[PDB]
>>> print(open('coords-v9.pdb').read())   # PDB, C-alpha atoms
ATOM      1  CA  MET A   1     -24.880   3.627  32.982  1.00  0.00           C
ATOM      2  CA  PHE A   2     -25.964   7.217  32.538  1.00  0.00           C
ATOM      3  CA  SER A   3     -22.973   8.141  34.671  1.00  0.00           C
ATOM      4  CA  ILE A   4     -21.006   6.659  31.779  1.00  0.00           C
ATOM      5  CA  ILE A   5     -23.247   8.453  29.279  1.00  0.00           C
ATOM      6  CA  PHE A   6     -22.710  11.857  30.842  1.00  0.00           C
ATOM      7  CA  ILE A   7     -18.946  11.373  31.078  1.00  0.00           C
ATOM      8  CA  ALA A   8     -18.742  10.474  27.396  1.00  0.00           C
ATOM      9  CA  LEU A   9     -20.819  13.530  26.490  1.00  0.00           C
ATOM     10  CA  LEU A  10     -18.555  15.681  28.626  1.00  0.00           C
ATOM     11  CA  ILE A  11     -15.413  14.267  27.012  1.00  0.00           C
ATOM     12  CA  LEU A  12     -16.771  14.621  23.497  1.00  0.00           C
ATOM     13  CA  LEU A  13     -17.743  18.217  24.208  1.00  0.00           C
ATOM     14  CA  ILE A  14     -14.285  18.916  25.626  1.00  0.00           C
ATOM     15  CA  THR A  15     -12.776  17.128  22.631  1.00  0.00           C
ATOM     16  CA  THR A  16     -14.647  19.209  20.068  1.00  0.00           C
ATOM     17  CA  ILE A  17     -13.884  22.364  22.042  1.00  0.00           C
ATOM     18  CA  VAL A  18     -10.156  21.605  21.847  1.00  0.00           C
ATOM     19  CA  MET A  19     -10.271  20.989  18.104  1.00  0.00           C
ATOM     20  CA  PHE A  20     -12.558  23.990  17.743  1.00  0.00           C
ATOM     21  CA  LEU A  21      -9.959  26.004  19.650  1.00  0.00           C
ATOM     22  CA  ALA A  22      -7.072  24.779  17.509  1.00  0.00           C
ATOM     23  CA  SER A  23      -9.095  25.769  14.447  1.00  0.00           C
ATOM     24  CA  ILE A  24      -8.879  29.397  15.576  1.00  0.00           C
ATOM     25  CA  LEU A  25      -5.334  29.193  16.955  1.00  0.00           C
ATOM     26  CA  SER A  26      -3.885  28.087  13.628  1.00  0.00           C
ATOM     27  CA  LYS A  27      -3.205  30.946  11.248  1.00  0.00           C
ATOM     28  CA  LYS A  28      -5.179  31.112   8.036  1.00  0.00           C
ATOM     29  CA  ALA A  29      -3.845  31.417   4.512  1.00  0.00           C
ATOM     30  CA  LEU A  30      -5.441  32.551   1.282  1.00  0.00           C
ATOM     31  CA  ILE A  31      -6.765  29.450  -0.446  1.00  0.00           C
ATOM     32  CA  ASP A  32      -4.980  28.043  -3.494  1.00  0.00           C
ATOM     33  CA  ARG A  33      -6.296  26.052  -6.443  1.00  0.00           C
ATOM     34  CA  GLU A  34      -3.541  23.483  -6.004  1.00  0.00           C
ATOM     35  CA  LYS A  35      -3.130  23.410  -2.221  1.00  0.00           C
ATOM     36  CA  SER A  36      -6.419  21.471  -2.051  1.00  0.00           C
ATOM     37  CA  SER A  37      -5.671  18.640  -4.477  1.00  0.00           C
ATOM     38  CA  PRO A  38      -5.383  14.946  -3.571  1.00  0.00           C
ATOM     39  CA  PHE A  39      -1.828  13.899  -2.814  1.00  0.00           C
ATOM     40  CA  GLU A  40      -0.480  11.618  -5.563  1.00  0.00           C
ATOM     41  CA  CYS A  41       3.262  11.941  -4.927  1.00  0.00           C
ATOM     42  CA  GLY A  42       3.339  15.274  -6.734  1.00  0.00           C
ATOM     43  CA  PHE A  43       1.973  14.143 -10.096  1.00  0.00           C
ATOM     44  CA  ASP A  44      -1.548  15.103 -11.171  1.00  0.00           C
ATOM     45  CA  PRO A  45      -4.276  12.772  -9.862  1.00  0.00           C
ATOM     46  CA  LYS A  46      -5.867  10.604 -12.514  1.00  0.00           C
ATOM     47  CA  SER A  47      -9.598  10.296 -13.205  1.00  0.00           C
ATOM     48  CA  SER A  48     -12.015  10.027 -10.291  1.00  0.00           C
ATOM     49  CA  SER A  49      -9.743   7.563  -8.409  1.00  0.00           C
ATOM     50  CA  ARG A  50     -12.781   5.862  -6.831  1.00  0.00           C
ATOM     51  CA  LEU A  51     -11.412   2.350  -6.351  1.00  0.00           C
ATOM     52  CA  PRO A  52     -13.022  -0.681  -7.997  1.00  0.00           C
ATOM     53  CA  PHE A  53     -15.389  -2.626  -5.753  1.00  0.00           C
ATOM     54  CA  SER A  54     -14.624  -5.887  -7.571  1.00  0.00           C
ATOM     55  CA  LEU A  55     -12.547  -7.448  -4.802  1.00  0.00           C
ATOM     56  CA  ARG A  56     -12.600  -9.821  -1.843  1.00  0.00           C
ATOM     57  CA  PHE A  57     -12.567  -7.520   1.169  1.00  0.00           C
ATOM     58  CA  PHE A  58     -16.300  -7.953   1.626  1.00  0.00           C
ATOM     59  CA  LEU A  59     -15.685 -11.698   1.441  1.00  0.00           C
ATOM     60  CA  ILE A  60     -13.211 -11.553   4.319  1.00  0.00           C
ATOM     61  CA  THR A  61     -15.540  -9.340   6.318  1.00  0.00           C
ATOM     62  CA  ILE A  62     -18.287 -11.865   5.638  1.00  0.00           C
ATOM     63  CA  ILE A  63     -16.079 -14.522   7.200  1.00  0.00           C
ATOM     64  CA  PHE A  64     -15.763 -12.026  10.029  1.00  0.00           C
ATOM     65  CA  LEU A  65     -19.523 -11.869  10.487  1.00  0.00           C
ATOM     66  CA  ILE A  66     -19.945 -15.639  10.555  1.00  0.00           C
ATOM     67  CA  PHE A  67     -17.241 -16.001  13.180  1.00  0.00           C
ATOM     68  CA  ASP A  68     -18.340 -12.772  14.829  1.00  0.00           C
ATOM     69  CA  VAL A  69     -21.836 -14.185  15.350  1.00  0.00           C
ATOM     70  CA  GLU A  70     -20.436 -17.561  16.396  1.00  0.00           C
ATOM     71  CA  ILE A  71     -18.388 -15.705  18.981  1.00  0.00           C
ATOM     72  CA  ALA A  72     -21.670 -14.276  20.261  1.00  0.00           C
ATOM     73  CA  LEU A  73     -23.078 -17.772  20.703  1.00  0.00           C
ATOM     74  CA  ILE A  74     -20.138 -18.894  22.839  1.00  0.00           C
ATOM     75  CA  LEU A  75     -19.766 -15.763  24.970  1.00  0.00           C
ATOM     76  CA  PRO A  76     -22.242 -16.770  27.720  1.00  0.00           C
ATOM     77  CA  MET A  77     -20.531 -20.118  28.418  1.00  0.00           C
ATOM     78  CA  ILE A  78     -18.542 -18.425  31.185  1.00  0.00           C
ATOM     79  CA  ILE A  79     -21.505 -17.824  33.472  1.00  0.00           C
ATOM     80  CA  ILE A  80     -23.891 -20.673  32.661  1.00  0.00           C
ATOM     81  CA  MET A  81     -21.178 -23.249  33.288  1.00  0.00           C
ATOM     82  CA  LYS A  82     -21.831 -23.013  37.031  1.00  0.00           C
ATOM     83  CA  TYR A  83     -25.581 -23.537  36.585  1.00  0.00           C
ATOM     84  CA  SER A  84     -26.287 -25.600  33.490  1.00  0.00           C
ATOM     85  CA  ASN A  85     -26.404 -29.375  33.480  1.00  0.00           C
ATOM     86  CA  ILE A  86     -22.880 -30.589  32.874  1.00  0.00           C
ATOM     87  CA  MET A  87     -23.441 -33.177  30.145  1.00  0.00           C
ATOM     88  CA  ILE A  88     -25.395 -30.763  27.993  1.00  0.00           C
ATOM     89  CA  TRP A  89     -23.063 -27.858  28.652  1.00  0.00           C
ATOM     90  CA  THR A  90     -20.062 -30.118  28.091  1.00  0.00           C
ATOM     91  CA  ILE A  91     -21.108 -31.829  24.860  1.00  0.00           C
ATOM     92  CA  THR A  92     -22.962 -28.824  23.492  1.00  0.00           C
ATOM     93  CA  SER A  93     -19.981 -26.510  23.814  1.00  0.00           C
ATOM     94  CA  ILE A  94     -17.492 -29.137  22.663  1.00  0.00           C
ATOM     95  CA  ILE A  95     -19.285 -29.724  19.373  1.00  0.00           C
ATOM     96  CA  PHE A  96     -19.356 -25.966  18.727  1.00  0.00           C
ATOM     97  CA  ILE A  97     -15.573 -25.764  18.778  1.00  0.00           C
ATOM     98  CA  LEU A  98     -15.155 -29.127  17.060  1.00  0.00           C
ATOM     99  CA  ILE A  99     -17.332 -28.055  14.149  1.00  0.00           C
ATOM    100  CA  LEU A 100     -15.323 -24.839  13.942  1.00  0.00           C
ATOM    101  CA  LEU A 101     -12.024 -26.701  13.641  1.00  0.00           C
ATOM    102  CA  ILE A 102     -13.396 -29.074  11.024  1.00  0.00           C
ATOM    103  CA  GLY A 103     -14.806 -26.150   9.094  1.00  0.00           C
ATOM    104  CA  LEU A 104     -11.380 -24.526   9.309  1.00  0.00           C
ATOM    105  CA  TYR A 105      -9.320 -27.572   8.347  1.00  0.00           C
ATOM    106  CA  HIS A 106     -11.721 -28.626   5.607  1.00  0.00           C
ATOM    107  CA  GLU A 107     -11.433 -25.035   4.404  1.00  0.00           C
ATOM    108  CA  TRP A 108      -7.618 -25.096   4.374  1.00  0.00           C
ATOM    109  CA  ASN A 109      -7.734 -28.052   2.018  1.00  0.00           C
ATOM    110  CA  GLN A 110     -10.064 -25.781   0.068  1.00  0.00           C
ATOM    111  CA  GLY A 111      -7.498 -23.025   0.632  1.00  0.00           C
ATOM    112  CA  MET A 112      -9.952 -20.261  -0.239  1.00  0.00           C
ATOM    113  CA  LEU A 113      -7.631 -17.414   0.676  1.00  0.00           C
ATOM    114  CA  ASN A 114      -5.104 -18.511  -1.986  1.00  0.00           C
ATOM    115  CA  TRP A 115      -7.359 -17.169  -4.715  1.00  0.00           C
ATOM    116  CA  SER A 116      -6.139 -17.020  -8.278  1.00  0.00           C
ATOM    117  CA  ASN A 117      -7.254 -13.374  -8.042  1.00  0.00           C
TER     118      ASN A 117
ATOM    119  CA  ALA B  10      17.417  13.761 -58.189  1.00  0.00           C
ATOM    120  CA  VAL B  11      15.440  10.750 -56.973  1.00  0.00           C
ATOM    121  CA  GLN B  12      16.622   8.058 -54.562  1.00  0.00           C
ATOM    122  CA  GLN B  13      15.464   4.447 -54.349  1.00  0.00           C
ATOM    123  CA  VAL B  14      15.104   4.115 -50.588  1.00  0.00           C
ATOM    124  CA  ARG B  15      13.304   2.245 -47.819  1.00  0.00           C
ATOM    125  CA  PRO B  16       9.808   3.162 -46.593  1.00  0.00           C
ATOM    126  CA  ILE B  17       8.747   3.872 -43.008  1.00  0.00           C
ATOM    127  CA  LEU B  18       4.995   3.360 -42.979  1.00  0.00           C
ATOM    128  CA  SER B  19       3.189   4.975 -45.899  1.00  0.00           C
ATOM    129  CA  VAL B  20       3.964   4.053 -49.490  1.00  0.00           C
ATOM    130  CA  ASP B  21       1.947   6.785 -51.232  1.00  0.00           C
ATOM    131  CA  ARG B  22       0.792  10.298 -50.459  1.00  0.00           C
ATOM    132  CA  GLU B  23      -2.799   9.092 -50.108  1.00  0.00           C
ATOM    133  CA  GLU B  24      -1.890   6.469 -47.527  1.00  0.00           C
ATOM    134  CA  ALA B  25      -0.058   9.300 -45.792  1.00  0.00           C
ATOM    135  CA  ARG B  26      -3.249  11.346 -45.641  1.00  0.00           C
ATOM    136  CA  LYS B  27      -5.114   8.243 -44.513  1.00  0.00           C
ATOM    137  CA  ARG B  28      -2.723   7.901 -41.599  1.00  0.00           C
ATOM    138  CA  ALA B  29      -2.619  11.653 -41.005  1.00  0.00           C
ATOM    139  CA  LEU B  30      -6.401  11.917 -40.890  1.00  0.00           C
ATOM    140  CA  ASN B  31      -6.669   8.907 -38.587  1.00  0.00           C
ATOM    141  CA  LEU B  32      -4.601  10.898 -36.110  1.00  0.00           C
ATOM    142  CA  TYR B  33      -6.899  13.877 -36.608  1.00  0.00           C
ATOM    143  CA  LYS B  34      -9.741  11.591 -35.582  1.00  0.00           C
ATOM    144  CA  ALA B  35      -8.111  10.525 -32.345  1.00  0.00           C
ATOM    145  CA  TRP B  36      -7.218  14.086 -31.440  1.00  0.00           C
ATOM    146  CA  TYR B  37     -10.656  15.491 -32.240  1.00  0.00           C
ATOM    147  CA  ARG B  38     -12.305  12.692 -30.288  1.00  0.00           C
ATOM    148  CA  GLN B  39      -9.927  13.097 -27.359  1.00  0.00           C
ATOM    149  CA  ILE B  40     -10.288  16.858 -26.769  1.00  0.00           C
ATOM    150  CA  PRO B  41     -13.378  16.636 -24.505  1.00  0.00           C
ATOM    151  CA  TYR B  42     -11.706  14.153 -22.174  1.00  0.00           C
ATOM    152  CA  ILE B  43      -8.680  16.399 -21.685  1.00  0.00           C
ATOM    153  CA  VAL B  44     -10.932  19.374 -20.989  1.00  0.00           C
ATOM    154  CA  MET B  45     -12.404  17.303 -18.169  1.00  0.00           C
ATOM    155  CA  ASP B  46      -9.314  15.451 -16.965  1.00  0.00           C
ATOM    156  CA  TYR B  47      -6.787  18.308 -17.047  1.00  0.00           C
ATOM    157  CA  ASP B  48      -7.924  21.178 -14.824  1.00  0.00           C
ATOM    158  CA  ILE B  49      -6.705  23.919 -17.158  1.00  0.00           C
ATOM    159  CA  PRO B  50      -8.438  27.053 -18.444  1.00  0.00           C
ATOM    160  CA  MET B  51      -8.767  25.864 -22.016  1.00  0.00           C
ATOM    161  CA  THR B  52     -12.223  25.092 -23.388  1.00  0.00           C
ATOM    162  CA  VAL B  53     -13.283  22.628 -26.063  1.00  0.00           C
ATOM    163  CA  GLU B  54     -13.720  25.165 -28.849  1.00  0.00           C
ATOM    164  CA  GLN B  55     -10.288  26.693 -28.271  1.00  0.00           C
ATOM    165  CA  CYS B  56      -8.650  23.280 -28.071  1.00  0.00           C
ATOM    166  CA  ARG B  57     -10.361  22.321 -31.312  1.00  0.00           C
ATOM    167  CA  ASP B  58      -9.314  25.594 -32.922  1.00  0.00           C
ATOM    168  CA  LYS B  59      -5.695  25.087 -31.914  1.00  0.00           C
ATOM    169  CA  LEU B  60      -5.760  21.537 -33.260  1.00  0.00           C
ATOM    170  CA  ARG B  61      -6.770  22.947 -36.636  1.00  0.00           C
ATOM    171  CA  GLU B  62      -4.056  25.612 -36.675  1.00  0.00           C
ATOM    172  CA  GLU B  63      -1.471  23.144 -35.418  1.00  0.00           C
ATOM    173  CA  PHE B  64      -2.073  20.899 -38.401  1.00  0.00           C
ATOM    174  CA  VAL B  65      -1.942  24.004 -40.583  1.00  0.00           C
ATOM    175  CA  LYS B  66       1.411  24.658 -38.862  1.00  0.00           C
ATOM    176  CA  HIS B  67       2.865  22.490 -41.639  1.00  0.00           C
ATOM    177  CA  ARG B  68       0.617  22.447 -44.693  1.00  0.00           C
ATOM    178  CA  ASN B  69       3.328  22.471 -47.369  1.00  0.00           C
ATOM    179  CA  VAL B  70       5.038  19.322 -46.178  1.00  0.00           C
ATOM    180  CA  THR B  71       5.666  17.339 -49.356  1.00  0.00           C
ATOM    181  CA  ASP B  72       7.807  14.244 -48.812  1.00  0.00           C
ATOM    182  CA  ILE B  73       5.865  11.092 -48.025  1.00  0.00           C
ATOM    183  CA  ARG B  74       8.476  10.162 -45.458  1.00  0.00           C
ATOM    184  CA  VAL B  75       8.453  13.502 -43.638  1.00  0.00           C
ATOM    185  CA  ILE B  76       4.676  13.502 -43.316  1.00  0.00           C
ATOM    186  CA  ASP B  77       4.898   9.946 -41.980  1.00  0.00           C
ATOM    187  CA  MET B  78       7.137  11.070 -39.130  1.00  0.00           C
ATOM    188  CA  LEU B  79       4.934  14.042 -38.278  1.00  0.00           C
ATOM    189  CA  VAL B  80       2.141  11.518 -37.834  1.00  0.00           C
ATOM    190  CA  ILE B  81       4.430   9.309 -35.753  1.00  0.00           C
ATOM    191  CA  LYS B  82       5.008  12.245 -33.434  1.00  0.00           C
ATOM    192  CA  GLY B  83       1.276  12.896 -33.252  1.00  0.00           C
ATOM    193  CA  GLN B  84       0.344   9.316 -32.420  1.00  0.00           C
ATOM    194  CA  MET B  85       2.828   9.541 -29.565  1.00  0.00           C
ATOM    195  CA  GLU B  86       1.532  12.848 -28.228  1.00  0.00           C
ATOM    196  CA  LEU B  87      -1.993  11.529 -28.614  1.00  0.00           C
ATOM    197  CA  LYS B  88      -1.240   8.609 -26.309  1.00  0.00           C
ATOM    198  CA  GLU B  89       0.543  10.849 -23.818  1.00  0.00           C
ATOM    199  CA  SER B  90      -2.591  12.984 -23.647  1.00  0.00           C
ATOM    200  CA  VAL B  91      -4.984  10.039 -23.970  1.00  0.00           C
ATOM    201  CA  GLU B  92      -3.492   8.556 -20.879  1.00  0.00           C
ATOM    202  CA  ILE B  93      -2.662  11.322 -18.403  1.00  0.00           C
ATOM    203  CA  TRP B  94       1.139  10.998 -18.334  1.00  0.00           C
ATOM    204  CA  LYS B  95       1.348  14.685 -19.253  1.00  0.00           C
ATOM    205  CA  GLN B  96       0.708  17.538 -16.820  1.00  0.00           C
ATOM    206  CA  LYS B  97      -1.413  20.667 -17.004  1.00  0.00           C
ATOM    207  CA  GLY B  98       1.740  22.632 -17.707  1.00  0.00           C
ATOM    208  CA  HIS B  99       2.766  20.282 -20.483  1.00  0.00           C
ATOM    209  CA  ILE B 100      -0.599  20.322 -22.225  1.00  0.00           C
ATOM    210  CA  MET B 101      -1.004  24.087 -22.132  1.00  0.00           C
ATOM    211  CA  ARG B 102       2.463  24.415 -23.714  1.00  0.00           C
ATOM    212  CA  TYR B 103       0.811  24.733 -27.127  1.00  0.00           C
ATOM    213  CA  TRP B 104      -0.376  28.271 -26.313  1.00  0.00           C
ATOM    214  CA  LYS B 105       2.861  29.929 -25.138  1.00  0.00           C
ATOM    215  CA  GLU B 106       1.095  32.309 -22.765  1.00  0.00           C
ATOM    216  CA  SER B 107       4.142  33.295 -20.705  1.00  0.00           C
ATOM    217  CA  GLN B 108       5.639  35.588 -23.356  1.00  0.00           C
ATOM    218  CA  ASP B 109       3.774  38.424 -25.023  1.00  0.00           C
ATOM    219  CA  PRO B 110       3.936  38.334 -28.846  1.00  0.00           C
ATOM    220  CA  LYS B 111       7.125  40.276 -29.407  1.00  0.00           C
ATOM    221  CA  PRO B 112       7.090  43.384 -31.619  1.00  0.00           C
ATOM    222  CA  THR B 113       7.190  42.667 -35.341  1.00  0.00           C
ATOM    223  CA  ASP B 114       6.986  45.892 -37.359  1.00  0.00           C
ATOM    224  CA  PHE B 115      10.301  47.562 -38.021  1.00  0.00           C
ATOM    225  CA  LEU B 116       9.899  50.525 -35.681  1.00  0.00           C
ATOM    226  CA  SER B 117       8.775  48.398 -32.748  1.00  0.00           C
ATOM    227  CA  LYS B 118      11.767  46.159 -33.371  1.00  0.00           C
ATOM    228  CA  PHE B 119      13.986  49.200 -33.882  1.00  0.00           C
ATOM    229  CA  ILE B 120      12.703  51.009 -30.795  1.00  0.00           C
ATOM    230  CA  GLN B 121      12.869  47.837 -28.674  1.00  0.00           C
ATOM    231  CA  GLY B 122      16.320  46.583 -29.683  1.00  0.00           C
ATOM    232  CA  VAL B 123      17.606  43.580 -31.597  1.00  0.00           C
TER     233      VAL B 123
END
>>> encode(input="coords-v9.pdb", output="structure tokens")
Amino acid sequence: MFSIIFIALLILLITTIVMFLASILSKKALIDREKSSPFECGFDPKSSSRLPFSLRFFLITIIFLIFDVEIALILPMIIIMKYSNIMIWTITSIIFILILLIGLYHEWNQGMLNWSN
Amino acid sequence: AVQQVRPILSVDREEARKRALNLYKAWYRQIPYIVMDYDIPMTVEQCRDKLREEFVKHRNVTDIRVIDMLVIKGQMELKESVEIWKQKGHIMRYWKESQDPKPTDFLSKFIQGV
């Protein structure tokens, strides 16, 4: 691994050096009150502009986590399949996926993504 | 020399003041927000001072109808400043800081041309 670690450190150092170098290569200009404003198509930005956090994107990412963990559970099936007892490996894995489908199809009839808002 | 004519909003001079002073409330209450929202030099006291003079701009308005319209204009400009449709240039417009007060006494006029 540490061969990988050192290479990444080397790259990152070379990366920052390049961007550090470009920071000196690019000519400077006297700062301007307006040059450093948020871009709002050329009309003054409104109040703070911090978006509302009343929304669903956490909800989708929570679906991600559930399936992301479930993915973790099924990752090792590749290797153990040669070793594990076949009934248990067969049925056990099959019901994983089956429950996933039924969760999905039950959830389509729920249709939770088609929120009213 | 009187005419029997339609109204617009206000039926009596006192209702006119009632409407006119309502506007003065919105503008007084708004000023702090614009000082924050619009990144312009002006400060609260100056903005308040101008608001006073800018009502004094027309003190001797007399007709009920005319004063009604002046308020109609104000309610509009209030909303355009309340929400930020306007721009820092537009809001500062009330000060006219690009042009120096031109000469006024006769010699300065005379020595500086018509």
>>> resolve_selection(input="coords-v9.pdb", expression="the ChimeraX specification (/A :<9) & /B", output="list in words")
residues 46, 47, 92, 93, 94, 95, 96 and 97 of chain B
>>> atom_distance(input="coords-v9.pdb", atom1="atom CA of residue A:3", atom2="atom CA of residue A:16")
20.1 Å
>>> atom_distance(input="coords-v9.pdb", atom1="atom CA of residue B:51", atom2="atom CA of residue B:101")
8.0 Å
>>> axis_aligned_box(input="coords-v9.pdb", around="stretch 55-58 of chain A", padding_each_side="5 Å", output="lines of an AutoDock Vina configuration file")
center_x = -14.4
center_y = -8.6
center_z = -1.6
size_x = 13.8
size_y = 12.4
size_z = 16.4
>>> residues_around(input="coords-v9.pdb", residues="residue B:104", least_positions_apart="4", cutoff="12 Å", atoms="all atoms listed in the file", output="PDB file with C-alpha atoms, keeping the file's coordinate frame")
ATOM      1  CA  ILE B  49      -6.705  23.919 -17.158  1.00  0.00           C
ATOM      2  CA  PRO B  50      -8.438  27.053 -18.444  1.00  0.00           C
ATOM      3  CA  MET B  51      -8.767  25.864 -22.016  1.00  0.00           C
ATOM      4  CA  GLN B  55     -10.288  26.693 -28.271  1.00  0.00           C
ATOM      5  CA  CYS B  56      -8.650  23.280 -28.071  1.00  0.00           C
ATOM      6  CA  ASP B  58      -9.314  25.594 -32.922  1.00  0.00           C
ATOM      7  CA  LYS B  59      -5.695  25.087 -31.914  1.00  0.00           C
ATOM      8  CA  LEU B  60      -5.760  21.537 -33.260  1.00  0.00           C
ATOM      9  CA  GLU B  62      -4.056  25.612 -36.675  1.00  0.00           C
ATOM     10  CA  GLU B  63      -1.471  23.144 -35.418  1.00  0.00           C
ATOM     11  CA  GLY B  98       1.740  22.632 -17.707  1.00  0.00           C
ATOM     12  CA  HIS B  99       2.766  20.282 -20.483  1.00  0.00           C
ATOM     13  CA  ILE B 100      -0.599  20.322 -22.225  1.00  0.00           C
ATOM     14  CA  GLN B 108       5.639  35.588 -23.356  1.00  0.00           C
ATOM     15  CA  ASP B 109       3.774  38.424 -25.023  1.00  0.00           C
ATOM     16  CA  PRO B 110       3.936  38.334 -28.846  1.00  0.00           C
TER      17      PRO B 110
END
>>> atom_distance(input="coords-v9.pdb", atom1="atom CA of residue B:64", atom2="atom CA of residue B:45")
23.0 Å
>>> resolve_selection(input="coords-v9.pdb", expression="the PyMOL selection byres ((chain B and resi 37) around 12)", output="PDB file with C-alpha atoms, in the frame of the given file")
ATOM      1  CA  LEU B  30      -6.401  11.917 -40.890  1.00  0.00           C
ATOM      2  CA  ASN B  31      -6.669   8.907 -38.587  1.00  0.00           C
ATOM      3  CA  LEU B  32      -4.601  10.898 -36.110  1.00  0.00           C
ATOM      4  CA  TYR B  33      -6.899  13.877 -36.608  1.00  0.00           C
ATOM      5  CA  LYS B  34      -9.741  11.591 -35.582  1.00  0.00           C
ATOM      6  CA  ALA B  35      -8.111  10.525 -32.345  1.00  0.00           C
ATOM      7  CA  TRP B  36      -7.218  14.086 -31.440  1.00  0.00           C
ATOM      8  CA  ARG B  38     -12.305  12.692 -30.288  1.00  0.00           C
ATOM      9  CA  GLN B  39      -9.927  13.097 -27.359  1.00  0.00           C
ATOM     10  CA  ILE B  40     -10.288  16.858 -26.769  1.00  0.00           C
ATOM     11  CA  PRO B  41     -13.378  16.636 -24.505  1.00  0.00           C
ATOM     12  CA  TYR B  42     -11.706  14.153 -22.174  1.00  0.00           C
ATOM     13  CA  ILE B  43      -8.680  16.399 -21.685  1.00  0.00           C
ATOM     14  CA  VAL B  44     -10.932  19.374 -20.989  1.00  0.00           C
ATOM     15  CA  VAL B  53     -13.283  22.628 -26.063  1.00  0.00           C
ATOM     16  CA  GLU B  54     -13.720  25.165 -28.849  1.00  0.00           C
ATOM     17  CA  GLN B  55     -10.288  26.693 -28.271  1.00  0.00           C
ATOM     18  CA  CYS B  56      -8.650  23.280 -28.071  1.00  0.00           C
ATOM     19  CA  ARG B  57     -10.361  22.321 -31.312  1.00  0.00           C
ATOM     20  CA  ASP B  58      -9.314  25.594 -32.922  1.00  0.00           C
ATOM     21  CA  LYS B  59      -5.695  25.087 -31.914  1.00  0.00           C
ATOM     22  CA  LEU B  60      -5.760  21.537 -33.260  1.00  0.00           C
ATOM     23  CA  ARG B  61      -6.770  22.947 -36.636  1.00  0.00           C
ATOM     24  CA  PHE B  64      -2.073  20.899 -38.401  1.00  0.00           C
ATOM     25  CA  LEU B  87      -1.993  11.529 -28.614  1.00  0.00           C
ATOM     26  CA  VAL B  91      -4.984  10.039 -23.970  1.00  0.00           C
TER      27      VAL B  91
END
>>> residues_around(input="coords-v9.pdb", residues="stretch 69-74 of chain A", least_positions_apart="6", cutoff="12 Å", atoms="all atoms listed in the file", output="list in words")
residues 62, 63, 80, 81, 89, 92, 93, 94, 95, 96, 97, 99 and 100 of chain A
>>> residues_around(input="coords-v9.pdb", residues="residue B:77", least_positions_apart="2", cutoff="8 Å", atoms="all atoms listed in the file", output="list in words")
residues 17, 18, 19, 25, 28, 29, 73, 74, 75, 79, 80 and 81 of chain B
>>> closest_residue(input="coords-v9.pdb", among="A:113, A:91, A:86, A:19", to="residue A:59", atoms="all atoms listed in the file")
A:113
>>> residues_around(input="coords-v9.pdb", residues="residue B:112", least_positions_apart="3", cutoff="8 Å", atoms="only C-alpha atoms", output="ChimeraX atom specification")
/B:117-118,121
>>> write_last_selection(input="coords-v9.pdb", atoms="C-alpha atoms", output="mmCIF file, in the coordinates of the input")
data_model
loop_
_atom_site.group_PDB
_atom_site.id
_atom_site.type_symbol
_atom_site.label_atom_id
_atom_site.label_comp_id
_atom_site.auth_asym_id
_atom_site.auth_seq_id
_atom_site.Cartn_x
_atom_site.Cartn_y
_atom_site.Cartn_z
ATOM 1 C CA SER B 117 8.775 48.398 -32.748
ATOM 2 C CA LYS B 118 11.767 46.159 -33.371
ATOM 3 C CA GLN B 121 12.869 47.837 -28.674
#
